[PDB]
Amino acid sequence: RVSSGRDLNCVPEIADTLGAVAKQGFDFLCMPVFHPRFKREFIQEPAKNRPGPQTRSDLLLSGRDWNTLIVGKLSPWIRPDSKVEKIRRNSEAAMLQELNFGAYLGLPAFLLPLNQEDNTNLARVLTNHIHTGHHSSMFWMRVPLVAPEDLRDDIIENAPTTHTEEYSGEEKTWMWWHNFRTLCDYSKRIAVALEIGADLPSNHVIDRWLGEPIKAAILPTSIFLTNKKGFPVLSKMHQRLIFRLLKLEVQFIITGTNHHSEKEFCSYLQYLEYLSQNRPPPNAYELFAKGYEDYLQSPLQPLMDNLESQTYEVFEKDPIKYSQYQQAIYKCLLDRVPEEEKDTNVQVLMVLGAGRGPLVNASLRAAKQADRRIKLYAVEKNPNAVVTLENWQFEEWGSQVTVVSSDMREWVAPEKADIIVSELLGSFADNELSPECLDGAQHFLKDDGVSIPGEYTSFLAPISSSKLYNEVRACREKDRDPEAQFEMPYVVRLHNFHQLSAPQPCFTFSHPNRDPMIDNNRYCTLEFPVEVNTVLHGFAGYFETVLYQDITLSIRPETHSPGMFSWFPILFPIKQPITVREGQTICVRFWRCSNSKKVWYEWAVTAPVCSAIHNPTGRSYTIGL
Amino acid sequence: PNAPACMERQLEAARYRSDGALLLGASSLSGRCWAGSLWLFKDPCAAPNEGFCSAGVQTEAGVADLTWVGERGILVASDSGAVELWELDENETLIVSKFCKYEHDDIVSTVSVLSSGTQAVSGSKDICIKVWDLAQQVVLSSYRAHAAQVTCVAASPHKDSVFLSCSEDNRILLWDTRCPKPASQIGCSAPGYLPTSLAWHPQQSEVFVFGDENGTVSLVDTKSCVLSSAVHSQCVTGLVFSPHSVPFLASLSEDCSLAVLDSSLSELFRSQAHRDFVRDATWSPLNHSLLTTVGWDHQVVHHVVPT
Ligand SMILES: Nc1ccc2ccc(CNC(=O)c3ccc4c(c3)c3c(n4CCO)CCCC3)cc2n1
Ligand SMILES: CSC[C@H]1O[C@@H](n2cnc3c(N)ncnc32)[C@H](O)[C@@H]1O
């Protein structure tokens, strides 16, 4: 369901308040630790010596409640970034006191406001807190979408509101957030909560808030419309925003007082649940991917490492792929052998990288549908796969299928064949060394034969995500170059991110390649326009393939296959984030380099600013031959 | 006597009526229960001893402020976001609740009434300012001129359409409820610091004073050149004029001292009787030399100023 809480600034008695909040169906309560008006003086005599307890004790709630049900808040009078020195000194002391108390209590989260540009001291105090001692509390920053000064009305005779378009005025809040997090070095303990008013921004700078660590949203009761039956409802634009937020599983907090007291306060939750229960259901892709959002994995390298049975089991659970292969074969056979030669003509097909043989079965089915006679050779190197093939041959396939245990680049086939079928594509199409394997195994193709796939390509696009940036930063190892984590690709289900531009093609291959001196090395330059002031964190790619004349597979978001799910996009990070201004373009260069033992990629950004070459020589990442 | 056994530790407000009786406001700002009370004394020197109170009740929440409405009404600014009205009964024994509305989305920080006797205004930490109808128990209007916590409002003693306000945005406004654009910005001849309190001059309808966060006060002419003087080592947080043909200005501050100034802002009297923040002060109408203060040290102090 949808988690939610209540925001109160007046809690006379915690036992009763907590009870009532729970009664209405809320999961948690946000509240101050210290009475908010109870200013505490430090330094100055006699005020600093004021006697008595400073707040309520912690013996009122069980430990379980403290660390589960309560979110803390900074008192409103604390202002570390004020101009008067005396205020600043008391404010810093006050902030530390409150944070330490919350730590004592074990609170899971605490809220700090941001309402202006200069938050330098706020950041200084918070980071000193973060790095001192040992704590697990999460810090959320409260940032409005629209700065309050632009939400004021125009009722002042000599102080009119701005009535023109100051473009940057729509970006003030984002900037405040951005500066705060860089001061605090993108700590993973710092995240945001957004406060939604009645006035929404254009579709942009909505999108720019994605790829940001949003944990919660704040909805005041003041933005509900009243319907014909007297119940609070949302406008259509607000509903659209909520549906988007539901995908990130943010928590919702309801604030303000009850403007519909006659309908019971809890009715606001009922409305919110109604909308979530009417969101459209997930498809198979989404269900399959549940639990892997923004999770990084190293790519597989089957040429070098033998895969275990479970990997194969997973690869096979995606029937759309096999159906497309079967169609490709079916058409190919029909296009080569006429009906008149049907019973006197036997075609020879070879499967390279047979695995557990799902393609063998697909091949046999295609031949049956096509009513054409075939012979098959299944070739695999992985001995732990060969062993299953032996059983298949014996138990069902019979003599029509020959099983060969060898490296396809070394094996001498006894016969030439006219159709070669393979499944060597990886997530970026050529990162499996598929063209090397196939070029080797080209000499046994008949000169008038065909390769399935015949063609494949690859695509790249710039992306932004601060969350992913940290996930990469986190993947450090001892006795390794400390930066060698930004120089290797990752397989990932990208979810909480923003796409900066359309994808563009990068490297392309085809088979059989009849050119002399083919050269599988590549160089490519790409350039993309940018329509938002955002920060580049890395590039991501996709691929497309042609199995046959009219048969293709794709994972490009725009042409993505209808229910194909075994594949995930590839991520290529850069070491430093790059700020890009609207109207500029991003120019990126890629290389595909090789030698007699290894293959590796190198990449860099040349514009708007230059960056370092990532992974030169394959020092951090290689693909073994 | 139909009152709680114990008064809360912090005293936050005090005001006199023309018959010499006083009203105190109190709250618990620390401890297990966070709520306050209202108390009435007819013997000023007996305060704060509960045993000699004439009346008093507990409230459901803390009390941010409170003022007199005519002779019997008590208008209260609550922490709950509520605006509420209490009334003294015929025997000045019980305090009766008349109404309670919840119109603010945050703590009500200030409340005051206007010279017509039927209108009132309030401010809150929520940036919204509201105008109330005291007879109908409704909100007549609301405005969002400020983009910061409202810190002070005040009604003009001479005009029932007029009030002042300020907030932590360093803007000071003058309001006129009869205009299409009710607010007008005063501006400032000495900008740069946030104002903390406002008060109207008792005789001159176009004159008012304010204090700031640095302990400085200033006297200004609404139509335009200002007069100022530093007084306190800390934020002023409170100003009131004496009931004299030649008024004197009392000034409170967070430095816990009390001062009385001349019209020239010269210091005439100073006291350090308090041991904690001082929250308010009021003049006794029956004794022009007597100033009474209230604060967080739980003392009630009677000062005689050598006027
Ligand atoms: N020649 C072919 C044929 C089919 C393919 C299907 C997809 C892809 C892209 N995916 C990867 O590279 C990749 C990385 C890490 C992975 C997996 C997959 C899986 C697991 N892990 C975590 C570590 O073991 C855990 C167990 C289940 C699967 C490449 C293909 N290449
Ligand atoms: C369909 S999973 C990919 C298959 O390619 C096979 N493969 C990769 N490289 C070779 C090779 N050089 N010779 C034979 N099979 C290979 C792997 O063993 C795996 O079964």
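Residues numbered from 1 in each chain as written, not as in the entry; some residues may be left out. Chains lettered and ligands numbered in written order. Heavy atoms only, no water.

Structure determination for this entry is recorded as cryo-EM, at 3.14 Å resolution.

(A) Quick look at the site of ligand 1. Residue and element names in this part refer to chain A. In the neighbourhood of ligand 1, the contacting residues comprise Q297, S298, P299, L300, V314, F315, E423, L424, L425, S566 and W567. Contact distances for ligand 1 include 3.3 Å between an oxygen atom and a backbone N or O atom of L300. Measuring from a nitrogen atom of ligand 1, one finds a backbone N or O atom of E423 at 3.1 Å. Here ligand 1 loses 74% of its free accessible area of 660 Å² to cover by the protein chains. Taken together, the residues that form the shell around ligand 1 break down as 7 nonpolar, 3 polar and 1 charged. (Near = heavy atom within 4 Å. Polar contact = N/O pair within 3.5 Å; in protein donor to acceptor, adjacent residues only side chain to side chain. Areas by Shrake-Rupley, 256 points an atom, 1.4 Å probe, with all protein chains shown as cover. Nonpolar A, V, L, I, M, F, W, Y, C, P; charged D, E, K, R; others polar.)

(B) Main features of helix α6 (residues 236–246) of chain A. All names here are of chain A. When α6 is considered as a whole, its buried residues turn out to be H238, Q239, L241, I242, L245 and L246. Down the axis, α6 shows its buried residues gathered within 160° of arc, on one side only. Those residues of α6 that are exposed and aimed more than 90 degrees away from the buried face are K236 and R240. Summarising the contacts, the buried residues of α6 are in contact with β7 (214–220), β10 (251–255) and α7 (267–277). (Buried < 20%, exposed > 50% of the residue type's maximum accessible area, 1.4 Å probe, protein only. Helix = DSSP H or I, 4+ residues; strand = E, 2+ residues; numbered from the N terminus. Arc of directions from axis to C-beta. Contact = heavy atoms within 4.5 Å.)

(C) Representation of the pattern of salt bridges in the model. Counting across every chain of the model gives 47 salt bridges over all chains. Ionic pairing is found between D371 of chain A and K342 of chain A, a salt bridge with its closest N-O pair at 2.9 Å. With a gap of 29 residues between them, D371 of chain A in the loop between α11 (358–370) and β13 (373–380) and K342 of chain A in the loop between α10 (319–336) and β12 (346–352) connect regions that are remote in the sequence. Judged by its relative accessible area of 43%, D371 of chain A falls in the partly exposed class. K342 of chain A gets classed as buried once you look at its relative accessible area, which sits at 15%. What emerges from the salt-bridge pattern is a single network uniting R37 of chain A together with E12, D79 and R279 of chain B. (Salt bridge = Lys/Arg side-chain N within 4 Å of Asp/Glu carboxyl O.)

(D) Quick peek at the domain arrangement of chain A. In terms of domains, chain A is made up of domain 1 (4–297), domain 2 (309–452) and domain 3 (455–624). Taking only C-alpha atoms, the centre of domain 1 of chain A and the centre of domain 2 of chain A are 58 Å apart. (Domains from an automatic or database assignment.)

(E) Representation of the interface of chain A and chain B. Each partner contributes residues to the interface: chain A has 41 residues there, and chain B has 44 residues. Counting the surface lost from both chain A and chain B, the interface buries some 3600 Å², and carbon and sulfur atoms represent 55% of this. Its largest share of buried area at the contact with chain B, chain A owes to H35, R37 and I155 of chain A, together 19% of the area lost on that side. Across the contact surface, chain A and chain B share 6 salt bridges. Of the charged contacts in the structure, one is a salt bridge between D154 of chain A and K181 of chain B, with a shortest N-O distance of 2.9 Å. Applying the counting criterion to the chain A and chain B interface returns 16 residue pairs in polar contact. Across the side of chain A that touches chain B, the residue classes break down as 18 nonpolar, 10 polar and 13 charged. (Buried area = accessible area lost by both parts, 1.4 Å probe.)

(F) Fine view of the site of ligand 2. Residue and element names in this part refer to chain A. For ligand 2, the full set of nearby residues is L303, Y312, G353, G355, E380, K381, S406, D407, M408, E423 and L424. A distance of 2.3 Å separates an oxygen atom of ligand 2 from a polar atom in the side chain of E380. Between ligand 2 and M408, the relevant distance is 3.2 Å, taken from a nitrogen atom to a main-chain nitrogen or oxygen of the residue. Against a free-state accessible area of 460 Å², the protein chains account for coverage of 93% of ligand 2.

(G) Local environment of the sheet that holds strand β16 (residues 183–185) of chain B. Residue and element names in this part refer to chain B. Overall, antiparallel pairing links the 4 strands, which are arranged β13-β14-β15-β16 in an open sheet. Strands at the two margins of the open sheet, each flanked by one partner only, are β13 (150–155) and β16. Averaged over all pairs of adjacent strands, the angle between their axes in this sheet comes to 25°, without regard to strand direction. Note that strand β14 (residues 162–167) and strand β15 (residues 171–176) share 6 bridges and pair antiparallel. The residue bridging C166 from the neighbouring strand is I172, located in β15. (Pairing = 2+ DSSP bridges. Axes fitted to C-alpha atoms, helices over the stretch in contact; angles between N-to-C directions.)

(H) Looking closely at the UniProt feature "active site" in chain A. Residues and elements named next belong to chain A. Feature annotation in UniProt assigns "active site" to the following positions: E423 and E432. Tracing the sequence through the fold places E423 in the loop between β15 (417–422) and α13 (434–440). Not counting the four nearest positions on each side in its chain, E423 is found in contact with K321, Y322, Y325, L352 and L359. At 2.4 Å, the side chain of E423 forms a polar contact with the side chain of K321. Within the element layout of this structure, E432 appears in the loop between β15 and α13. Among the residues examined, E432 registers a relative accessible area of 17% and is labelled buried. If near-sequence neighbours (up to four positions away) are discounted, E432 is found in contact with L300, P302, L424, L425 and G426. (UniProt positions renumbered as here; feature names shortened; annotations may be inferred.)

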